[PDB]
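Novice: task: produce atomic coordinates for the following.
(chains A, B, C, D, E, F and G)
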Amino acid sequence: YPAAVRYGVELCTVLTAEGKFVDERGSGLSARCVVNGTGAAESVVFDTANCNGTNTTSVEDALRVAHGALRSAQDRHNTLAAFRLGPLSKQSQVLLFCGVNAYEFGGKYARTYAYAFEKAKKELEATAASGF
Amino acid sequence: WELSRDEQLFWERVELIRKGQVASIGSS
Amino acid sequence: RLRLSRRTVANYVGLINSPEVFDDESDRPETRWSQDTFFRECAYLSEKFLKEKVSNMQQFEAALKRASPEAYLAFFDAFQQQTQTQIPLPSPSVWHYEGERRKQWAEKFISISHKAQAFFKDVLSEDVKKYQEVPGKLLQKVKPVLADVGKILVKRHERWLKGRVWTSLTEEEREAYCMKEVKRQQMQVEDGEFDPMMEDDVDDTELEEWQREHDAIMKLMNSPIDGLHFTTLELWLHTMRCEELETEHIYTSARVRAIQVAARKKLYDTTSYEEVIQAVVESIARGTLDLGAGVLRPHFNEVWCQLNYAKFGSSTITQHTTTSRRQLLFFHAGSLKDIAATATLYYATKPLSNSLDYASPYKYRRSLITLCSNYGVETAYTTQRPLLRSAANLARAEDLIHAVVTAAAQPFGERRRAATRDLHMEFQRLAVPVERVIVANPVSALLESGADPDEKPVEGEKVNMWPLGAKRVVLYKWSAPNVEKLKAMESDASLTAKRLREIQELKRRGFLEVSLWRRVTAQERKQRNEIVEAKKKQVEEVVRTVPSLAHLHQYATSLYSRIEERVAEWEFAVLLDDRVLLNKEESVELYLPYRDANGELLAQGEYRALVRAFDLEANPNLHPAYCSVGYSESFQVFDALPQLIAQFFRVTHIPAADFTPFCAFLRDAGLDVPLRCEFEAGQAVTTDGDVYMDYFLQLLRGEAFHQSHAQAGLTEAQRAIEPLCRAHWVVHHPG
Amino acid sequence: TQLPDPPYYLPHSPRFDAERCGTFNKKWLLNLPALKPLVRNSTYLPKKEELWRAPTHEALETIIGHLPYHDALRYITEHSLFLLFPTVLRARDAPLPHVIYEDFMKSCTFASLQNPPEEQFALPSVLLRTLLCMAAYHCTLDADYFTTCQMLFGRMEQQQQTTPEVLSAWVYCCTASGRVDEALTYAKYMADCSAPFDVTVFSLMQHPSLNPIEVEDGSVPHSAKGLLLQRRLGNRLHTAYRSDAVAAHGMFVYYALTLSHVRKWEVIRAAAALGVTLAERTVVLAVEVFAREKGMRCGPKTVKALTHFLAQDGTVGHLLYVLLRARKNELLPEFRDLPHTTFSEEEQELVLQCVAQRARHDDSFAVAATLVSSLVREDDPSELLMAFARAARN
Amino acid sequence: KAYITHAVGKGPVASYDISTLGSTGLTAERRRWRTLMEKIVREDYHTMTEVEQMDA
Amino acid sequence: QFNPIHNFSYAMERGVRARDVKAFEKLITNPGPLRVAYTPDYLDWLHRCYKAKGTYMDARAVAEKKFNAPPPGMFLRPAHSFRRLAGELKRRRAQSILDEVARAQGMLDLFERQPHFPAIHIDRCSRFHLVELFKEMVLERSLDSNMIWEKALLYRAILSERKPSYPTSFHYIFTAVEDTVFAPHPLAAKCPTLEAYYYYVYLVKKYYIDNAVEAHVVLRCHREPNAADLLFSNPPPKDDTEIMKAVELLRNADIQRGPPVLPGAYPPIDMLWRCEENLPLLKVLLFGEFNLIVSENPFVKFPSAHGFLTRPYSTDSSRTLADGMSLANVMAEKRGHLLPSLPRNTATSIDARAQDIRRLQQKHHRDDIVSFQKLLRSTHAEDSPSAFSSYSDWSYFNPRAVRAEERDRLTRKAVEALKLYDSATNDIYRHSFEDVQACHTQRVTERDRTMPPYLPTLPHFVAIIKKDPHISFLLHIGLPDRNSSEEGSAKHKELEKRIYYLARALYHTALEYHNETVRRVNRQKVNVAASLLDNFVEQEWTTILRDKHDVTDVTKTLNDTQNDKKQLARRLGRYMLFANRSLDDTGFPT
Amino acid sequence: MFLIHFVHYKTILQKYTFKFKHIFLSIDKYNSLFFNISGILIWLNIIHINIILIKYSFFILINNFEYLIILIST
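Specialist: Residues are numbered from 1 along each chain as shown, chains lettered A, B, ... in the order given. Sure, structure below:
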């Protein structure tokens, strides 16, 4: 199970989603953006074929189109990853919530995991990593 | 709850592995 | 564990993980009591110490209760088999109280329990005999007597409270009152007083108030009821006190006394003192009085289990076998149903009980197995309780969450379907519309020897009835300028490779989308509207009960405003074709399937054909509002398969020579049966060679050998991910 | 790859699978080529730097074990290291165990550290049990060793302490030599002395392979489940019986597994003639081996022994089958030269009175007491068998 | 052979001793060790085969 | 191998089971049209599997009725439980996949004309079955309009020549052979002439042809000017005047009952199937194609055509672009659009498009380098190396290689149904309760008992190789955008080709790391794949630095933050080469 | 409660250890008189041993150090 979650996280990091946005203020500005799994953009292109009347668009309007094309493509990647990593994480919660007696922190060993949690906190409280 | 289950698993295996001395009767 | 505690297991060696046990001599029903292993160990010690010839298990435990305390100890010093089933139960105090405490307990308990056995032989034996018709009538006669005693106890507790709320006390003060109650119950067991005097009340005015309370209790305790000859104090003295005198090690030991203080505090923190007194009387009223075992078996209520938790769920249990005399530590009852499970087997496996059979040693085993078989399922429900009940509420919470976020998606689909209707009216005004949308009959290309191949005389005129599995040719007239360009180029064309490539690229310049829409009967409109308000009030009852789900409805509307792509009676039944290429003849054959793309059988009623036209040049990326929409005339769609079969056969089997003109009869009426459905139907015959009709129609009403024109161009790899990509399309187009 | 099976005539049953341990398995012969690189690797000495950095006990056991026997005894006697006595038992040129016992006592005599003589010249009972079990394995291989073993016992009881361990090992010594009567009589003497039969000797007796030096060394990793099963069966049999019944069960299983069936039935003969109350497991095992052998290798007094032990503690069907097989083998043309089983009046009255005592409480004995009395009195009308079949069918 | 005599009835003990396993390659190494020991005493160590160099 | 065609599963659930061979014979004959013949070596095989499937379902029935067979170490879960109902639904669906896989694969062997399927008879067929079977073969054969008139008349010459050589079941077409009328004028345009038919029977006497596979090789080279060299069989052809003496003796004999030239322009193919006059002529063509296709080779009669065909196959874009082949695609698309609901073996492309698609598929391997799941499980079940024919005629010459893709698709469909079947036995069956108690004594610990999450997979190596700050520069902003320019997509696809080269070689190194033989090879697979990408990165890094030295965008007056395309590339460090790195620097754990 | 049945993927192999006597070395290096003997007669009061190889003439050595030991022809 922890190797499959790592396999899914590494997969969606390198993949590719696309999103478009058309200007709502009358201009025919269309921007298409390609966004990876790190949040970065691979290609930003503008489309001027829809708008023939030009020289009335400021640079603030063109940044507002590109802000919408990035927001649409980043939400496209977040929805595609929610269906690739979706059903695996749903079967994960059945295996873990109803299978605590098969794991190292359920049953008689829940007292050890709680003891090691409090002991890890005091070692951060002895330094200023917690109390600051 | 685990300690009550594992203790009953303990003494049910002591009965399985090593039997104790049998009391007396009268033969017919 | 019953077979393993006897002499016969000595002749067997076993696997510890999964021991297959032997057939004991008590497993045979013909075995008398003289051949019993465990009885002969008890019949030997009865003649030795109890000095009584014993011939039955009924005669053994009866003679055990006739015995004297000098003989009751001498038998139990040489008897080592306390438990046979190895289930941890509360025990009599002969297995506790090492040394001199064993002897003075035996002089106290056996003399007192002889008074209780004399109390059950004639006094209570005639009272259950009088009310033997319907059970429970004896303790309901004691029920109104004990309720007036309990109102004095609440008033005494309310006087100690002095008005303040029990929750608001200091934690030391809660244990201070709980320390007095456990020492009061210790004096009820030892001194035999129902309301004993403690040295806590040193005030003279409180002593006068306590004396009026103590004398009103003793007047109620000595008040005889009419139908029953015994008073309610002598019922408590011989049923309730005599059972807890047997387990006096629970009360005398100071370690278990500290368990009862912490058990009474958890009872009083979640439950008021007025409710714990009513449940004590309900535990005595609802119950069963045993005459042979000599015990009053209470209700085992949830307040009763919290009262007697240290007796049935603590580490006070000491097992004594032939192998080892062990003191069980860390014994813990998880829930309050385990105390109800432990005390059920504890009171049913008392000596001379009615649950135990004493006719044969075989019947004594089967009565004892079932008492532990019913106890095991009660413990199997306990270990399954906290993880499955928390899995049921967690599965319930997702279905309510799925209902809330679907109810928030429907207003987003209504405003989107209305806005694409408004933009379609502005587009269809200025664009080229489609005019003639007429459904026509399919013509046969086959012709006789006298007919001319170049004329093409007939093309069909109109269709009033379209069956389910039948083809009909639609007629469209689209006046787009690319249509008139290809009509001149194809009529100009013997043929070169560069000219045929120009024909194919002009067909892909535009297309048409043809769909089939069903009319809604106003009776079914009232049926459809009745269910969508049945869920709407169902969702709103869920939202008001769970305030977290009201917050999640606001999350779904705010999330759907971000994800959804912004846009700036008849009902759809079947999509016929996705892409209809541009044709010079302006006619395509459209096959209706039996099942739609959703996968259900189509109903009957009025159906009209909806034709939308698209052009990739003037309308890039295929916006749904920018199209040329035309409507056809209404027709009737139903199934002819119950009709044409009943007209042919005038049924469960189809003969061999009858099947080949049967499919030609289906083709004569307009239905399309393919060669693949015909050939594979002949593979499943009977011993007479009869083709099944249900096998033939299941291959006819399937998507195997004939498909719609929409699903014909798609890949199986695309069709497999089709419900997966549609759900990704629903979250971006909610509703 | 088809190898024959030795005829133990042991019953195939899940109850007596602990009796099936000690049977040689061809599965081990198929497993044998997998062990060859391991035993090929183990023949080489470690390097000098590993042996010099070795701990004291490990270096002592790995140098004394590789050393000659008398040189190792000289080192032990010089440095008074008496705990290396089980190492020199395993030497490459060690003699027969009576010579090793004399060498042990000689090393304790001339040792450099002299304790008080009540504790200096006392060997541990594990050592004496191992020596006598090696002697019993050699008596299994060659019975005429037994006389010297008797002489060896004639010194050890006079020099060491007579424990139940060495007495059970001497019972195994007498059993392995073919001596049936004195082995059971030593077992009865232990039972009258309330001495428990040793469970490791009881497990090694029912394993007539596995000389115990490499069992305590552990070069045979398999069949330890069988050893544990036999030890637990010995403990279970000792919980309800005396030492003589456990020893007689061990004798029966040992003579069954060594293909010495005549001594296997002489065990039951001597146990009935001596007065040892057999355990019910041993009686059921004897009845099933009688069923496997069809009463072929059996005598009249062994038949009388089996019927006495079945009337004392046994089912009706086992006793009826034993009597019917005896009466049929009397009527067979092969055994007509052999004399017939005849019950004298006193033992016949004893058997019939014990059957009537069982039948006063049991109905399965009360229905067949007349058939038992007819089978013992040698007058058997077939109408009783016909009425028995008629009552079984109806 | 210890099982075959035990199987057909002439012999009560089958053998479990695995000391004979690997002895064909072991005794071939011992005579190769001895031949190398004689090869150095006669001062014939100026050429050695690769099998002799692994044994050395 | 042998594959079933019949639906024995549907008849056995209702209780209909055959006992004798004749009741089994009544189950194997089709009551409708399209009668199929069976060789005896296929019959006794299918009779044994009918009894093996019968004894399997009878033994499964009496075992299921006794529980109101499990694996030996496991038990059976109770009914109406969640895992058993899902497991029995898993077994019920996966069994139905395995019946339909072997049945549809048996249809592939049936229409391939395997030697265990000797004959297909068309006697109970009406006019609808003759026109519908004709539309599906012309899409399968993919042949031009003149060759269909060439095939139907020449197959009549073989059925007349091999007429005493056929069994008694073949005698019903010989009524339709004599029913074939010819041109003598209303009917002269409908039917062809008898001289064109008499040309085709001349090729039977001179080249000893007897099968359908030897008919397609002569009908191609005879319209070519060189005919005597390429069609010269290894049996020598006879003299031309004695063959003309033989056919004219057969020609005048046909007259009083009621070197020939190539045939001219034939009537069009759309008139053939829709007139009742050519309806007996169409029945010669359908039965002549199903029964004359045999497993013999056409190239062993003459290998001069094997050298003739191959030399235009290197330039098949020019040589196969004829006037008749240009009209073949319009005739094939006209016949396909008339019957679009007929779910046959789909092609989804044009006539010239599927010929070029089969050209790149059978002569080269597909490029799926940039895919994760398809390339890591890339495996070909079969290959065609010593075979290269025209792909419109290779379906007629060797139908084994052109039917390989959908046969492997049914192969993978057979595995996933069995993987669905093996997953169900753990759902229906369970271990003992003492066994699962023993597992929970040894708890799952994250440190040692779990599988480590950092195990090397294929996207694990793509993520490490894209974590490089020089590769992440060239992926996003170092190269021009793939959507803006056409050269920016060429630089991106070349960059993605060499990224998946090194990532797959590192993925294959971890799979074969346990042995030392292939590990020395896979280390050299990495070093050639790392040097490919290190050559490409250092080519583009010298490109985007030197070309930006010539632009000279002056932003010093703007007082900016000095971020740029060059000024982030020159502030990045030196490019650490992937061939210089060890395995632990490219994703392997230490 | 128990939900899953799980086995551990790591497979352990039991190391088979056994002690065998594979080397046969012995330090044979003594300091003693070794004789050519044509006859030896060992007379101790329990056991007498007479071992005679024949000759025409013999000699006699006699040792009384531990027990009577008669050697013929040394």
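Novice: right, and residue C:636 touches residue C:463 too?
Specialist: No - counting by CB atoms under 8 Å, residue C:636 does not reach residue C:463; the two are 9.9 Å apart. No exception for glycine: its C-beta is placed from N, CA and C like everyone else's.
Novice: these two: who's more crowded?
Specialist: residue C:463 (21 against 13; other CB atoms under 10 Å in any protein chain shown).
Novice: is it true that that one touches residue C:439?
Specialist: Yes - the pair residue C:463 / residue C:439 is scored as a contact, 4.4 Å apart, by CB under 8 Å.
Novice: secondary structure element for the nearest residue to residue F:238 once chain neighbours are set aside?
Specialist: Excluding the flanking residues, the one nearest residue F:238 by CB to CB, 6 or more residues apart in numbering or on different chains is residue F:206, at 6.2 Å. Using DSSP states H and E, residue F:206 maps to helix F:194-207.
Novice: quick one on the thing from earlier: show the contacting residues for the residue nearest to residue F:238.
Specialist: F:237-238, F:240, F:243 (CB atoms under 8 Å, 6 or more residues apart in numbering or on different chains).
Novice: the helix or strand hosting residue A:93 near chain C at all?
Specialist: According to DSSP H and E, residue A:93 maps onto helix A:86-97. Yes - against chain C, helix A:86-97 shows contacts by CB under 8 Å from any CB of the partner chain at A:94, A:97.
Novice: now for that helix, which elements pack on it?
Specialist: helix A:2-13, helix C:361-407 (3 or more CB pairs under 8 Å, 6 or more residues apart in numbering or on different chains; DSSP states H and E).
Novice: among the contacts of residue F:206, which are in helices?
Specialist: Counting by DSSP state H, the part of the contacts of residue F:206 found in helices is F:240, F:243.
Novice: which one of the contacts of residue F:206 has the most neighbours?
Specialist: In these, the most neighbours by other CB under 10 Å go to residue F:243, 19 neighbours.
Novice: isn't that residue right next to residue F:202, touching?
Specialist: Yes - at 6.3 Å, residue F:243 counts as touching residue F:202 under the criterion of CB under 8 Å.
Novice: so what's the residue most central in space within chain B up against?
Specialist: When CA atoms, centre = their mean is applied to chain B, the residue found nearest the centroid is residue B:15 (2.7 Å). Residue B:15 makes contacts with C:1, C:4-5, C:86, C:321, C:323, as judged by CB under 8 Å, 6+ apart.
Novice: quick one: contacts for residue 125?
Specialist: Since no chain was named, I'll use chain A. Applying CB under 8 Å, 6+ apart, we find residue A:125 in contact with residue A:131.
Novice: switch to chain D, please.
Specialist: Residue D:125 makes contact with D:161, D:163, D:165-166, according to CB under 8 Å, 6+ apart.
Novice: same thing but 6 Å
Specialist: Residues near residue D:125 by CB atoms under 6 Å, 6 or more residues apart in numbering or on different chains: D:163, D:165.
Novice: and if you look at residue D:369?
Specialist: D:355, D:359.
Novice: swap in 8 Å and give it another go.
Specialist: With contact set as CB under 8 Å, 6+ apart, residue D:369 has these partners: D:355-356, D:359.
Novice: returning to what we had before: element containing the residue nearest to the centre of chain B, please.
Specialist: Using DSSP H and E, residue B:15 maps to helix B:2-17.
Novice: for that helix, which positions count as buried?
Specialist: For helix B:2-17, a neighbour-count test (16 or more other CB atoms under 10 Å in any protein chain shown) marks B:2, B:4-5, B:7-8, B:11, B:15-16 as buried.
Novice: near chain C, which residues of chain A show up?
Specialist: A:22, A:24, A:71-72, A:75, A:79-80, A:83, A:94, A:97-98, A:100.
Novice: from those, which is closest to chain B?
Specialist: Nearest to chain B out of the residues of chain A next to chain C is residue A:100 (CB to the nearest CB; 11.4 Å).
Novice: could you find the closest non-adjacent residue to that closest one?
Specialist: Nearest to residue A:100 is residue A:106, by CB to CB, 6+ apart, at 3.0 Å.
Novice: equivalent analysis for residue C:37, please.
Specialist: Nearest one to residue C:37, counting by CB to CB, 6+ apart, is residue C:6 at 4.2 Å.
Novice: enumerate the residues of chain C near chain D.
Specialist: By the rule CB under 8 Å from any CB, the part of chain C lying against chain D is C:7-13, C:20, C:22, C:30, C:32, C:34-35.
Novice: and the residue of chain G found nearest chain E, its phi and psi?
Specialist: Chain E sits closest to residue G:20 of chain G, with a gap of 5.2 Å, by CB to the nearest CB. Dihedral pair for residue G:20: phi -120, psi 160, per degrees, to the nearest 10.
Novice: what about it, how many neighbours?
Specialist: Counted with other CB under 10 Å, residues neighbouring residue G:20 total 19.
Novice: is it in contact with residue D:213, as I believe?
Specialist: No - counting by CB under 8 Å, residue G:20 sits too far from residue D:213 to count as a contact (11.6 Å).
Novice: circling back: with respect to chain A, which of the contacts of residue F:206 is nearest?
Specialist: residue F:237 (64.3 Å).
Novice: run a quick neighbour tally on residue C:683.
Specialist: Neighbours of residue C:683 (other CB under 10 Å): 22.
Novice: quick one: residues contacting it.
Specialist: If a contact means CB under 8 Å, 6+ apart, then residue C:683 has F:5-7, F:30 as its contacts.
Novice: and the contacts of residue F:206, which is closest to chain D?
Specialist: Of the contacts of residue F:206, the one sitting nearest to chain D (CB to the nearest CB) turns out to be residue F:237, at 64.8 Å.
Novice: so is the residue lying closest to residue F:495 once chain neighbours are set aside in a helix, a strand, or just coil?
Specialist: Nearest non-adjacent residue to residue F:495, counting by CB to CB, 6+ apart: residue F:474, 6.2 Å away. Classification of residue F:474 using DSSP: H, G, I helix; E, B strand; the rest coil returns helix.
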